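What follows is one structure encoded as structure tokens, with my remarks underneath.
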Amino acid sequence: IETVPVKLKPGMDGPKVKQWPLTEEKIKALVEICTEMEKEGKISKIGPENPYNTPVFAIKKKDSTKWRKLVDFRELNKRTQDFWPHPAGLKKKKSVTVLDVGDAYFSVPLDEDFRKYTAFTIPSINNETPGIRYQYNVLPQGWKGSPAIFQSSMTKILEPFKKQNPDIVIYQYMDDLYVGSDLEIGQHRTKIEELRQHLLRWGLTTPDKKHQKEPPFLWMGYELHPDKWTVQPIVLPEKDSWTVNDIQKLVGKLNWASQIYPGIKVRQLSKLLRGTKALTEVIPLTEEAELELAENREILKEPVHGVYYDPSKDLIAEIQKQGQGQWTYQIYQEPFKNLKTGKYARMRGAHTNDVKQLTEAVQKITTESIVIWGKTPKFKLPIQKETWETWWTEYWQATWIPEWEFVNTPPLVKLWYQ
Amino acid sequence: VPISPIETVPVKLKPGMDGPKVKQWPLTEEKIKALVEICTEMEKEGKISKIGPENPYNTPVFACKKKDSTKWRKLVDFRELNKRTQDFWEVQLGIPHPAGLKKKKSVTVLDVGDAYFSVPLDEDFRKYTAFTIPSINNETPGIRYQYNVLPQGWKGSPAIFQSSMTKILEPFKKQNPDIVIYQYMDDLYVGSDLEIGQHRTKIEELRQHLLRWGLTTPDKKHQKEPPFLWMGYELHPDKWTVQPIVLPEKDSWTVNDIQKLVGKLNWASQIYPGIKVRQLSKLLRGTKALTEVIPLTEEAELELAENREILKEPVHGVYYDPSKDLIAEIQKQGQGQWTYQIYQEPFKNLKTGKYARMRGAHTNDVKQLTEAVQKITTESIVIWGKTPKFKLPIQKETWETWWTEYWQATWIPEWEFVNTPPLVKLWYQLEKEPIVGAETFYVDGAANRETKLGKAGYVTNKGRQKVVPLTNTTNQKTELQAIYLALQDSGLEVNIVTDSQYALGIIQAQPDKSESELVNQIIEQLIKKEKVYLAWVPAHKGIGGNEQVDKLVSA
DNA sequence: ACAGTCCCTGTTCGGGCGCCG
DNA sequence: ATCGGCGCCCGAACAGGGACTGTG
Ligand SMILES: OC[C@H]1O[C@@](CO)(O[C@H]2O[C@H](CO)[C@@H](O)[C@H](O)[C@H]2O)[C@@H](O)[C@@H]1O
């Protein structure tokens with residue numbers, strides 16, 4: 001098998017990203033993995049004359065004790081050439097299972113003129129030794145070009161199973177294979193084993209999950225149910241008595257929501273505060289204001305019309321920390337034109353770890369974006385840059401890494417969760 | 001010892017570039033005879049070859065004294081060649097710290113002699129290292145040479161030698177998997193658990209192994225007994241300390257001098273607990289004149305006295321025990337200044353340190369404490385490869401109300417509370433519901449974009465109003481100024497309604513310090529109050545008192 | 001709808017300390 | 001004068017992004 005020639009986008013160099021510090025648990029796991037990849041010819045040692053680098057770290061696999069080597073190939077993928085239909089029914093299936101088939105890439109060799117760009121450096125504790133640098137000789141997991149170059153072999157491998165089970169939707173994104181069906185949970189789990197063994201005739205899958213009856217939250221990214229995802233509506237308070245402060249919060253909330261919903265009106269509500277009153281003063285709602293509120297309640301309950309996905313535009317996701325372990329998020333492409341608004345709650349590290357929550361929410365939001373649109377959104381994270389970069393690798397378990405930026409949002413966004 | 005039989009590292013020029021063609025500047029006669037004598041010497045040693053007119057490249061050459069040595073170091077101003085040499089990915093990711101060293105039975109410190117001059121240079125790249133020795137008589141043309149080994153001053157030499165040394169040690173490390181070798185450039189910390197007799201046997205195996213690869217271990221650089229001078233430290237068998245720090249003593253100081261004093265105090269803060277440099281670094285603000293003389297301020301001199309006070313007493317560090325937990329404890333010394341100590345057994349510090357960074361224009365102690373906890377976490381991963389247990393001067397309940405009420409995701413790893421004042425506290429707390437029987441202030445402010453003049457005032461539910469004219473101000477400042485007025489002209493309980501998310505987002509974060517003088521005044525008022533409720537309403541929407549005060553300040 | 005001013009954060013480079021040729 | 005590479009700190013110039021205001 002001859003390698004496919006791969007180029008960088010015009011006028012762009014390879015990635016040059018420093019390696020971030022790793023724990024002894026992760027370094028010892030990485031050294032063992034890379035030494036075995038070098039023996040099997042999958043990677044090879046290089047020197048400092050290769051001016052490129054990509055960060056590497058290790059994660060513990062989903063419901064497993066084994067380690068998976070994860071490369072932060074975000075910079076290489078932006079600069080990698082572009083290559084050359086998304087199943088709309090995958091999000092309608094009852095059960096959808098994610099299979100890590102990244103191991104299949106290690107069988108296809110990589111173009112020699114391109115291997116220099118896949119370099120990474122394994123650090124050492126206390127800087128005992130210099131960094132030991134490796135480059136890839138085969139298709140690497142997490143590379144934008146790996147699923148494309150392997151696409152021809154993958155359609156061939158899956159075609160018998162897809163014609164034998166035409167009711168099963170099978171989508172591929174990077175190292176992951178998304179397998180959706182409408183079968184019962186037990187017959188669905190048997191079909192996954194049928195696909196694993198059918199794949200096993202050619203390429204190996206991550207070791208069988210040790211638990212087979214779905215323990216709680218171990219299968220977060222494994223067994224996902226798209227038909228149960230719910231959108232978070234915008235709600236307004238219902239009170240018998242309203243104060244001046246209560247109406248001001250209402251008017252400010254409705255004026256902000258008027259950017260997402262056209263028909264929101266706040267004039268008759270603002271009329272109630274025309275004086276210069278005390279915040280605690282109770283204000284009776286006039287007949288005109290009561291009607292204006294009730295119609296706005298109808299509008300916030302009705303779904304938005306005329307919001308469609310644009311495959312050419314990037315996806316953007318914003319998360320809000322609402323407190324009590326609850327996080328609200330919105331995925332959109334243009335401001336105030338949300339493609340989905342959801343809510344995730346009661347995630348790991350209950351009432352202790354905020355970061356463990358956010359890291360899980362980013363993964364859950366990303367999984368939905370891959371399932372629904374086949375893209376990954378750029379995240380606006382409500383967290384400090386150093387707080388995130390210090391801890392995020394400790395709770396990550398996905399094979400992909402979305403782009404993100406950090407923002408300091410004023411907490412006036414109480415306009416998404418009641 | 002002939003050149004090392006190690007494979008040369010392929011080196012290229014930057015794409016579409018040629019070699020350097022720089023003419024030789026004049027040199028003094030003391031250095032000319034030394035360079036000629038040295039160059040013919042290091043031609044005999046094989047490091048250098050004579051070249052002819054076929055070589056069109058050149059680089060100026062001089063010769064300085066070796067660092068703390070009677071030998072001469074041959075240096076070349078390869079500034080022109082470094083711009084044209086390909087970029088490298090440096091494999092040296094940091095500096096080893098003694099606090100990360102474990103206890104070992106036998107310790108040896110080696111140093112390779114003529115390190116760069118032992119590793120050959122890529123044959124194809126040697127043409128670009130051409131240089132000319134101008135003779136004494138200006139009539140003589142001068143002798144041209146090229147480099148056969150890693151030249152000193154070339155940007156690729158440190159990385160290639162570091163990469164080359166690892167390849168040379170790899171077979172020996174495999175032949176002895178239980179021998180620990182800390183490798184930094186040419187200095188070798190060798191540690192094993194064998195007996196002292198059998199250890200010297202392995203050291204000789206290592207010296208012979210390096211000699212086969214053209215790496216001599218001179219007796220002058222072979223240390224066999226503690227104490228060990230390693231990476232600027234003194235390595236005693238059960239304790240470690242820093243090589244003597246020399247603080248300069250002067251009656252008048254300059255910018256440069258302050259810059260050296262701050263640096264040495266930072267280098268000392270790794271083991272000396274309590275070093276402060278905030279007031280000394282403040283003297284470096286604004287002045288870019290390096291030789292400008294600076295009078296020591298009252299706060300700066302006090303800081304220098306404190307540092308010398310804790311520097312007169314000797315401090316030592318301890319080595320690392322992989323079986324015992326790693327513990328770090330932080331204390332708040334000054335405003336914006338923190339010191340910490342990482343230890344395993346109490347009062348037996350592995351290392352110390354300090355965090356004194358002002359992150360943001362407005363912040364509080366809880367933010368800075370969390371920022372310092374992260375700096376220690378990262379530093380701990382580098383030295384020991386694990387996250388330490390924490391002992392923080394902040395109440396468990398203080399942090400619970402902060403991280404649950406804060407809009408960003410903030411977390412601190414496993415930590416326990418220590419009652420070592422001064423403690424970290426929230427100096428004021430905004431009410432979640434409007435206060436009954438509290439005067440309601442509708443504040444706003446404005447400013448002209450061209451005139452830079454503005455107004456700031458408020459109206460209340462009791463009919464009270466106020467408008468203050470401001471000069472040389474902005475829109476953002478007047479909304480903060482309006483909130484300051486309401487806090488001034490109110491009782492201990494006040495309700496304030498603003499239309500500025502900017503002013504709201506600053507105050508809602510509960511800052512206790514700010515680079516803005518006005519915010520610090522606002523903070524001072526909030527601590528004096530007993531109950532404060534801050535509410536936001538959208539501007540220009542005909543809402544309540546916001547409309548009344550809006551017309552007062554926009555005119 | 002576009003163009004500025006303000007403010008804020010982050011990156012980058014300069015000084016210094018320290019290591020080593 | 002006059003060097004390479006690395007790490008750390010502190011200070012400052014530059015740029016990027018979001019919100020507000022003024023304007024066609
Ligand atoms: O998290 C910011 C951090 O990311 C870095 C390296 O981790 O850059 C990588 O990650 C970014 C996060 O979105 C990507 O945008 C970028 O493409 C990728 O190289 C650093 O830039 C930064 O310190």
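Here, A, B, ... name the chains of the structure tokens in the order displayed, residue numbers run from 1 inside each chain, and ligands are numbered from 1 in the same displayed order.
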Nearby polymer residues, ligand 1, at most 6 Å, only C-alpha atoms (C1' of nucleotides) and all ligand atoms, as number ranges by chain: A: 74-75, 389, 403-405
Please identify every residue of chain D that has at least one atom no farther than 9 Å from an atom of chain B, counting only C-alpha atoms (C1' of nucleotides), and for each give the shortest atom pair and the distance in Å to one decimal, arranged by chain then increasing number, as JSON lines.
```
{"residue": "D:2", "atom": "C1'", "partner": "B:77", "partner_atom": "CA", "distance": 7.0}
{"residue": "D:3", "atom": "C1'", "partner": "B:153", "partner_atom": "CA", "distance": 4.4}
{"residue": "D:4", "atom": "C1'", "partner": "B:153", "partner_atom": "CA", "distance": 4.3}
{"residue": "D:5", "atom": "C1'", "partner": "B:158", "partner_atom": "CA", "distance": 5.3}
{"residue": "D:6", "atom": "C1'", "partner": "B:92", "partner_atom": "CA", "distance": 5.8}
{"residue": "D:7", "atom": "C1'", "partner": "B:94", "partner_atom": "CA", "distance": 5.0}
{"residue": "D:8", "atom": "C1'", "partner": "B:267", "partner_atom": "CA", "distance": 8.2}
{"residue": "D:9", "atom": "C1'", "partner": "B:266", "partner_atom": "CA", "distance": 6.6}
{"residue": "D:10", "atom": "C1'", "partner": "B:281", "partner_atom": "CA", "distance": 6.8}
{"residue": "D:11", "atom": "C1'", "partner": "B:285", "partner_atom": "CA", "distance": 6.6}
{"residue": "D:12", "atom": "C1'", "partner": "B:286", "partner_atom": "CA", "distance": 8.5}
{"residue": "D:19", "atom": "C1'", "partner": "B:502", "partner_atom": "CA", "distance": 8.5}
{"residue": "D:20", "atom": "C1'", "partner": "B:475", "partner_atom": "CA", "distance": 8.2}
{"residue": "D:21", "atom": "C1'", "partner": "B:449", "partner_atom": "CA", "distance": 8.2}
{"residue": "D:22", "atom": "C1'", "partner": "B:449", "partner_atom": "CA", "distance": 8.8}
```
Selected residues written out, N, CA, C and O atoms (P, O5', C5', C4', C3', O3' and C1' of nucleotides), as a CSV table (one decimal), in the first residue's frame:
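File produced: again14.csv:
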```csv
chain,number,residue,atom,x,y,z
D,2,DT,P,29.3,44.8,19.9
D,2,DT,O5',29.6,43.3,20.3
D,2,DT,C5',28.9,42.2,19.7
D,2,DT,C4',29.2,41.0,20.5
D,2,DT,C3',28.7,41.0,22.0
D,2,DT,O3',28.1,39.8,22.3
D,2,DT,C1',31.0,40.4,21.9
D,3,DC,P,26.5,39.6,22.3
D,3,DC,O5',26.3,38.2,21.7
D,3,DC,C5',26.9,37.8,20.5
D,3,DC,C4',27.0,36.3,20.3
D,3,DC,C3',25.8,35.6,21.0
D,3,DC,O3',24.7,35.5,20.2
D,3,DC,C1',27.9,34.5,21.5
D,4,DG,P,23.2,35.2,20.8
D,4,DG,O5',23.2,33.6,20.9
D,4,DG,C5',23.4,32.8,19.8
D,4,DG,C4',23.5,31.3,20.1
D,4,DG,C3',22.3,30.8,20.9
D,4,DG,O3',21.3,30.5,20.0
D,4,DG,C1',24.4,30.0,21.8
D,5,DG,P,19.8,31.1,20.2
D,5,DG,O5',19.1,30.0,21.1
D,5,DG,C5',19.2,28.6,20.8
D,5,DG,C4',19.2,27.7,22.0
D,5,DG,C3',18.1,28.1,23.0
D,5,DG,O3',16.8,27.8,22.6
D,5,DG,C1',20.1,27.3,24.1
D,6,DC,P,15.5,28.5,23.3
D,6,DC,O5',15.4,27.9,24.8
D,6,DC,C5',15.2,26.5,24.9
D,6,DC,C4',15.4,26.1,26.4
D,6,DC,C3',14.6,26.9,27.4
D,6,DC,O3',13.2,26.4,27.4
D,6,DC,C1',16.7,26.7,28.2
D,7,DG,P,12.0,27.4,27.6
D,7,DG,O5',12.0,27.6,29.2
D,7,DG,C5',11.8,26.4,30.0
D,7,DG,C4',12.1,26.8,31.5
D,7,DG,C3',11.4,28.0,32.0
D,7,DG,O3',10.1,27.7,32.5
D,7,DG,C1',13.7,28.1,32.5
D,8,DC,P,9.0,28.8,32.6
D,8,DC,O5',9.4,29.7,33.8
D,8,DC,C5',9.5,29.2,35.1
D,8,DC,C4',10.2,30.1,36.0
D,8,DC,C3',9.6,31.5,36.1
D,8,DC,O3',8.5,31.5,37.1
D,8,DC,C1',11.9,31.6,36.0
D,9,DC,P,7.3,32.5,37.0
D,9,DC,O5',7.9,33.9,37.3
D,9,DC,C5',8.3,34.2,38.7
D,9,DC,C4',8.9,35.6,38.8
D,9,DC,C3',8.0,36.7,38.1
D,9,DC,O3',7.0,37.2,39.0
D,9,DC,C1',10.3,36.9,37.5
D,10,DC,P,7.2,38.4,40.1
D,10,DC,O5',7.3,39.7,39.2
D,10,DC,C5',8.2,40.7,39.6
D,10,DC,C4',8.4,41.7,38.5
D,10,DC,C3',7.2,42.5,38.0
D,10,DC,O3',7.3,43.8,38.3
D,10,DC,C1',8.5,41.8,36.2
D,11,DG,P,6.1,44.8,38.0
D,11,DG,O5',6.6,45.5,36.6
D,11,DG,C5',7.8,46.2,36.5
D,11,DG,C4',8.0,46.7,35.1
D,11,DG,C3',6.7,47.4,34.5
D,11,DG,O3',7.1,48.7,34.0
D,11,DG,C1',7.5,45.6,33.1
D,12,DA,P,5.9,49.6,33.4
D,12,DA,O5',5.8,49.4,31.9
D,12,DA,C5',7.0,49.7,31.1
D,12,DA,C4',6.8,49.2,29.7
D,12,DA,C3',5.6,49.8,29.0
D,12,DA,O3',5.9,50.2,27.7
D,12,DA,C1',5.7,47.4,28.8
D,19,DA,P,-20.7,41.9,24.2
D,19,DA,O5',-21.0,43.3,24.8
D,19,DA,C5',-20.4,43.8,26.0
D,19,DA,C4',-20.3,45.3,25.9
D,19,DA,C3',-21.6,46.0,25.5
D,19,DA,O3',-22.0,46.9,26.5
D,19,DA,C1',-19.6,47.0,24.5
D,20,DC,P,-23.4,47.7,26.4
D,20,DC,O5',-23.0,49.1,26.0
D,20,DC,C5',-22.1,49.9,26.9
D,20,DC,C4',-21.6,51.1,26.2
D,20,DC,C3',-22.8,52.0,25.7
D,20,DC,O3',-22.6,53.3,26.2
D,20,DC,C1',-21.1,51.7,24.0
D,21,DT,P,-23.8,54.4,26.1
D,21,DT,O5',-23.3,55.2,24.8
D,21,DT,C5',-22.1,56.1,24.9
D,21,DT,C4',-21.7,56.6,23.5
D,21,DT,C3',-22.8,57.4,22.8
D,21,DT,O3',-22.3,58.7,22.5
D,21,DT,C1',-21.9,55.8,21.3
D,22,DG,P,-23.2,60.0,22.3
D,22,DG,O5',-22.8,60.6,20.9
D,22,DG,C5',-21.5,60.5,20.4
D,22,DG,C4',-21.5,60.2,18.9
D,22,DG,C3',-22.5,61.0,18.1
D,22,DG,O3',-21.8,62.0,17.4
D,22,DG,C1',-22.3,58.7,17.4
```
Those in segment 202-322 of chain A with alpha helix (DSSP H) from DSSP, as number ranges by chain: A: 244-257, 267-270, 287-301
Same residues, N, CA and C atoms, output as an mmCIF file, in the first residue's frame:
```cif
data_model
loop_
_atom_site.group_PDB
_atom_site.id
_atom_site.type_symbol
_atom_site.label_atom_id
_atom_site.label_comp_id
_atom_site.auth_asym_id
_atom_site.auth_seq_id
_atom_site.Cartn_x
_atom_site.Cartn_y
_atom_site.Cartn_z
ATOM 1 N N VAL A 244 -41.303 46.579 42.259
ATOM 2 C CA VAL A 244 -40.610 47.368 41.246
ATOM 3 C C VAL A 244 -39.358 46.643 40.787
ATOM 4 N N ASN A 245 -38.620 46.061 41.730
ATOM 5 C CA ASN A 245 -37.434 45.295 41.369
ATOM 6 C C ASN A 245 -37.786 44.075 40.524
ATOM 7 N N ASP A 246 -38.894 43.404 40.842
ATOM 8 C CA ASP A 246 -39.282 42.222 40.078
ATOM 9 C C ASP A 246 -39.637 42.574 38.638
ATOM 10 N N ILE A 247 -40.257 43.737 38.421
ATOM 11 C CA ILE A 247 -40.619 44.137 37.065
ATOM 12 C C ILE A 247 -39.382 44.579 36.298
ATOM 13 N N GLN A 248 -38.434 45.223 36.982
ATOM 14 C CA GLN A 248 -37.207 45.629 36.309
ATOM 15 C C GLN A 248 -36.425 44.414 35.829
ATOM 16 N N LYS A 249 -36.308 43.378 36.668
ATOM 17 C CA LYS A 249 -35.670 42.148 36.198
ATOM 18 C C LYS A 249 -36.445 41.567 35.018
ATOM 19 N N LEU A 250 -37.776 41.651 35.065
ATOM 20 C CA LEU A 250 -38.589 41.108 33.980
ATOM 21 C C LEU A 250 -38.395 41.902 32.692
ATOM 22 N N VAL A 251 -38.426 43.233 32.790
ATOM 23 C CA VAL A 251 -38.278 44.072 31.605
ATOM 24 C C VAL A 251 -36.895 43.894 30.993
ATOM 25 N N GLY A 252 -35.856 43.861 31.829
ATOM 26 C CA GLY A 252 -34.516 43.627 31.313
ATOM 27 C C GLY A 252 -34.360 42.265 30.665
ATOM 28 N N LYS A 253 -34.988 41.241 31.247
ATOM 29 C CA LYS A 253 -34.961 39.907 30.653
ATOM 30 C C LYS A 253 -35.711 39.878 29.334
ATOM 31 N N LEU A 254 -36.887 40.507 29.281
ATOM 32 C CA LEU A 254 -37.660 40.489 28.044
ATOM 33 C C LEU A 254 -36.978 41.308 26.959
ATOM 34 N N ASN A 255 -36.343 42.423 27.326
ATOM 35 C CA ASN A 255 -35.665 43.223 26.312
ATOM 36 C C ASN A 255 -34.486 42.464 25.720
ATOM 37 N N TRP A 256 -33.782 41.690 26.544
ATOM 38 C CA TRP A 256 -32.716 40.847 26.014
ATOM 39 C C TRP A 256 -33.273 39.710 25.169
ATOM 40 N N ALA A 257 -34.357 39.081 25.622
ATOM 41 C CA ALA A 257 -34.950 37.999 24.851
ATOM 42 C C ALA A 257 -35.561 38.487 23.547
ATOM 43 N N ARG A 267 -43.436 47.393 26.405
ATOM 44 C CA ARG A 267 -43.872 48.771 26.632
ATOM 45 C C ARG A 267 -44.860 48.841 27.798
ATOM 46 N N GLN A 268 -45.921 48.025 27.775
ATOM 47 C CA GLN A 268 -46.904 48.085 28.857
ATOM 48 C C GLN A 268 -46.308 47.657 30.187
ATOM 49 N N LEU A 269 -45.215 46.897 30.172
ATOM 50 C CA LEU A 269 -44.581 46.524 31.429
ATOM 51 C C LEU A 269 -43.737 47.672 31.961
ATOM 52 N N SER A 270 -43.066 48.398 31.060
ATOM 53 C CA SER A 270 -42.251 49.535 31.469
ATOM 54 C C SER A 270 -43.110 50.684 31.957
ATOM 55 N N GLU A 287 -54.277 45.835 33.379
ATOM 56 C CA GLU A 287 -54.858 44.878 32.445
ATOM 57 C C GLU A 287 -54.049 44.822 31.158
ATOM 58 N N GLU A 288 -53.525 45.971 30.722
ATOM 59 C CA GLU A 288 -52.724 46.007 29.506
ATOM 60 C C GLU A 288 -51.403 45.277 29.710
ATOM 61 N N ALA A 289 -50.790 45.445 30.885
ATOM 62 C CA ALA A 289 -49.507 44.805 31.144
ATOM 63 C C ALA A 289 -49.675 43.305 31.342
ATOM 64 N N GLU A 290 -50.774 42.881 31.967
ATOM 65 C CA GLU A 290 -50.984 41.453 32.167
ATOM 66 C C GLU A 290 -51.092 40.728 30.834
ATOM 67 N N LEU A 291 -51.762 41.348 29.860
ATOM 68 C CA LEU A 291 -51.883 40.756 28.531
ATOM 69 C C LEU A 291 -50.539 40.717 27.809
ATOM 70 N N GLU A 292 -49.767 41.803 27.891
ATOM 71 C CA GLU A 292 -48.462 41.834 27.239
ATOM 72 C C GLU A 292 -47.551 40.735 27.752
ATOM 73 N N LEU A 293 -47.556 40.504 29.057
ATOM 74 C CA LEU A 293 -46.777 39.408 29.614
ATOM 75 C C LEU A 293 -47.259 38.046 29.111
ATOM 76 N N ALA A 294 -48.574 37.799 29.149
ATOM 77 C CA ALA A 294 -49.097 36.499 28.723
ATOM 78 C C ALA A 294 -48.816 36.177 27.257
ATOM 79 N N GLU A 295 -48.764 37.183 26.384
ATOM 80 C CA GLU A 295 -48.430 36.875 24.998
ATOM 81 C C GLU A 295 -46.940 36.596 24.849
ATOM 82 N N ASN A 296 -46.112 37.313 25.610
ATOM 83 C CA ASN A 296 -44.680 37.051 25.610
ATOM 84 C C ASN A 296 -44.396 35.657 26.145
ATOM 85 N N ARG A 297 -45.185 35.200 27.121
ATOM 86 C CA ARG A 297 -45.046 33.817 27.582
ATOM 87 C C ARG A 297 -45.319 32.844 26.454
ATOM 88 N N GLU A 298 -46.287 33.171 25.597
ATOM 89 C CA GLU A 298 -46.618 32.314 24.465
ATOM 90 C C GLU A 298 -45.454 32.281 23.486
ATOM 91 N N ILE A 299 -44.865 33.443 23.201
ATOM 92 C CA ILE A 299 -43.756 33.523 22.257
ATOM 93 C C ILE A 299 -42.528 32.748 22.740
ATOM 94 N N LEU A 300 -42.191 32.838 24.037
ATOM 95 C CA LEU A 300 -41.007 32.134 24.532
ATOM 96 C C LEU A 300 -41.205 30.634 24.606
ATOM 97 N N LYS A 301 -42.447 30.187 24.565
ATOM 98 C CA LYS A 301 -42.834 28.788 24.579
ATOM 99 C C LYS A 301 -42.837 28.206 23.174
#
```
Chain A residues near chain D (12 Å cut-off, only C-alpha atoms (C1' of nucleotides)) as a PyMOL selection string: chain A and resi 48+126-127+130+405-410
Take the residues from that selection and put them in a file with N, CA, C and O atoms, as an mmCIF file, in the first residue's frame.
```
data_model
loop_
_atom_site.group_PDB
_atom_site.id
_atom_site.type_symbol
_atom_site.label_atom_id
_atom_site.label_comp_id
_atom_site.auth_asym_id
_atom_site.auth_seq_id
_atom_site.Cartn_x
_atom_site.Cartn_y
_atom_site.Cartn_z
ATOM 1 N N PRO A 48 16.393 17.226 16.965
ATOM 2 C CA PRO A 48 15.967 18.626 17.025
ATOM 3 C C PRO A 48 16.001 19.313 15.679
ATOM 4 O O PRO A 48 15.526 20.452 15.572
ATOM 5 N N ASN A 126 11.145 16.448 36.212
ATOM 6 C CA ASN A 126 12.268 17.214 36.755
ATOM 7 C C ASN A 126 13.339 17.508 35.706
ATOM 8 O O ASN A 126 14.478 17.835 36.049
ATOM 9 N N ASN A 127 12.991 17.388 34.429
ATOM 10 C CA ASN A 127 13.909 17.660 33.326
ATOM 11 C C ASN A 127 15.187 16.837 33.460
ATOM 12 O O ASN A 127 16.286 17.285 33.121
ATOM 13 N N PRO A 130 16.585 15.373 28.297
ATOM 14 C CA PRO A 130 15.893 16.176 27.280
ATOM 15 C C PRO A 130 14.664 15.453 26.756
ATOM 16 O O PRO A 130 14.468 14.255 26.963
ATOM 17 N N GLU A 405 -11.987 29.258 23.353
ATOM 18 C CA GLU A 405 -11.420 30.497 23.853
ATOM 19 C C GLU A 405 -12.063 30.776 25.202
ATOM 20 O O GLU A 405 -13.068 30.162 25.566
ATOM 21 N N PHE A 406 -11.459 31.681 25.964
ATOM 22 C CA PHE A 406 -11.904 31.934 27.326
ATOM 23 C C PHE A 406 -12.425 33.359 27.414
ATOM 24 O O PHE A 406 -11.836 34.285 26.846
ATOM 25 N N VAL A 407 -13.547 33.515 28.109
ATOM 26 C CA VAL A 407 -14.260 34.780 28.198
ATOM 27 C C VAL A 407 -14.659 35.002 29.646
ATOM 28 O O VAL A 407 -14.924 34.048 30.383
ATOM 29 N N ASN A 408 -14.728 36.262 30.052
ATOM 30 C CA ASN A 408 -15.221 36.600 31.384
ATOM 31 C C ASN A 408 -16.571 37.284 31.254
ATOM 32 O O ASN A 408 -16.653 38.494 31.021
ATOM 33 N N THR A 409 -17.621 36.502 31.425
ATOM 34 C CA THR A 409 -18.955 36.980 31.113
ATOM 35 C C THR A 409 -19.567 37.614 32.355
ATOM 36 O O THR A 409 -19.431 37.071 33.455
ATOM 37 N N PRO A 410 -20.254 38.743 32.251
ATOM 38 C CA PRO A 410 -20.947 39.274 33.418
ATOM 39 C C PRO A 410 -22.167 38.431 33.734
ATOM 40 O O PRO A 410 -22.879 37.975 32.826
#
```
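For the pair atom CA of residue 25 of chain B and atom CA of residue 132 of chain B, the interatomic distance is 10.3 Å.
With only C-alpha atoms (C1' of nucleotides) taken into account, chain C has residues 8, 9 and 10 of chain C at most 12 Å from chain A.
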Restricting the output to C-alpha atoms (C1' of nucleotides), write the selected residues as a PDB file, in the first residue's frame.
```pdb
ATOM      1  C1'  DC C   8      -9.780  44.489  29.137  1.00  0.00           C
ATOM      2  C1'  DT C   9      -6.997  40.253  28.379  1.00  0.00           C
ATOM      3  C1'  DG C  10      -3.348  37.911  26.300  1.00  0.00           C
TER       4       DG C  10
END
```
Exercise: residue 395 of chain B partners within 12 Å, only C-alpha atoms (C1' of nucleotides), chain neighbours under 3 positions left out, as a VMD selection string: chain B and resid 366 391 to 392 398 to 402 415 to 426
Filtered DSSP result for segment 100-337 of chain B, state strand (DSSP E), as a PyMOL selection string: chain B and resi 106-111+131-133+143-147+180-184+187-192+228-230+233-235+240-242+253-254+293-294+327-332
